[PDB]
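Worksheet for the structure shown next.
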Amino acid sequence: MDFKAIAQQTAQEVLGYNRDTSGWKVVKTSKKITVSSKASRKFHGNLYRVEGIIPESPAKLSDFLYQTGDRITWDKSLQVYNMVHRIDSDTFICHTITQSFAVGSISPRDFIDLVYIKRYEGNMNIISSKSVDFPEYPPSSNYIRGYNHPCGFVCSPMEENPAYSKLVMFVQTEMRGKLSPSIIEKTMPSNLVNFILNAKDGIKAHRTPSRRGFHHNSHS
């Protein structure tokens with residue numbers, strides 16, 4: 001193992017932050033979501049963890065953000081997914097073109113996150129993700145391989161398990177491009193809620209007959 005080694009650890013590392021709730025500060029809350037800024041550690045900044053309960057089963061949650069089959073199709077900040085080098089059946093690497101731009105101070109990014117999908121028995125169905133510097137894909141200046149250090153995306157069965165699920169995501173992005181403190185204050189908090197919005201909308205895109213607005217071919 002190799003990709004698994006770091007990711008398999010990174011799963012419980014990012015999840016390790018789901019169970020490490022302190023030393024941070026909510027930067028962004030609405031009425032069901034909670035972005036809390038702590039520390040990136042793998043970057044001279046801070047990490048952002050968003051937390052929202054989506055009234056659905058963690059199954060449909062892990063059904064929408066799964067990989068390349070609708071994730072980027074019905075989303076708002078997603079563009080293109082390319083399955084670069086999958087290590088096993090639960091350890092992938094994503095070439096994800098993202099639209100994570102704060103209106104104008106940011107250009108679209110290329111996310112090469114090595115991603116490990118883990119199901120903690122009725123506890124969490126997380127996809128971990130590490131912006132991994134693997135040779136199967138080099139980015140460009142038009143698309144900046146976003147350095148999303150060992151982050152992830154955990155979906156936790158709540159007390160109402162199939163009825164309500166705990167969507168919690170962490171990211172300690174490097175923003176190695178030309179952004180300023182206040183841009184990043186916009187880029188991370190607003191993107192995490194938006195990853196939950198994709199969840200709110202993608203979940204009902206899956207659940208509700210809201211496929212009448214079929215945006216892009218889900219499976220091409």
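Computed over the chain, the per-residue total of -39500 (n - 2.57) for DSSP H runs of n ≥ 4 gives a 222 nm mean residue ellipticity of -7500 deg cm²/dmol, rounded to 500. By the equivalent-ellipsoid construction on the alpha carbon gyration tensor, the chain comes out with semi-axes of 23, 20, 19 Å, ordered largest to smallest.
Full extension of the chain between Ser30 and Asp90 gives 18.3 nm of extra length, using 0.36 nm per residue less the Cα-Cα distance.
Amide H contacts for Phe43 (H built 1.01 Å from N in the peptide plane; partners 5 or more residues away or on another chain; cut-off under 5 Å): none found. In the chain, Cα pairs under 8 Å separated by at least six residues give a relative contact order of 25 percent.
Taking 0.36 nm per residue of sequence separation and removing the Cα-Cα distance, the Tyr164/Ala102 pair yields an extension gain of 19.3 nm. Among residues other than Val26 with Cβ under 14 Å from its Cβ, the summed charge is +4 (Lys and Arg +1, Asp and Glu -1). Starting from the Cα gyration tensor of the range 1-127, take the square roots of the eigenvalues, sort them a ≥ b ≥ c, and report rounded, prolate or oblate (rounded when a/c is under 1.5, otherwise prolate if a/b is larger than b/c, else oblate). It comes out rounded by the Cα gyration axes. I'd like the distance separating the alpha-carbon centroids of the range 149-180 and the range 1-60, in whole Å. Cα centres, the range 149-180 to the range 1-60: 5 Å.
Inter-label distance, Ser180 to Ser141: 2.3 nm, where each label sits 7 Å from its Cα along the C-beta direction. Computed over the chain with a Gaussian network model linking Cα atoms closer than 10 Å, the most mobile of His95, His149, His85 is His85. Ordering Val80, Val35, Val154 from the fewest to the most neighbouring beta carbons within 10 Å gives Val80, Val35, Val154.
Here Cβ is always computed from backbone atoms with ideal geometry, including for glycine, and neighbour counts include all displayed protein chains. Any read-out appearing in this document is the output of simple, stated calculations on the displayed coordinates, not a laboratory observation.
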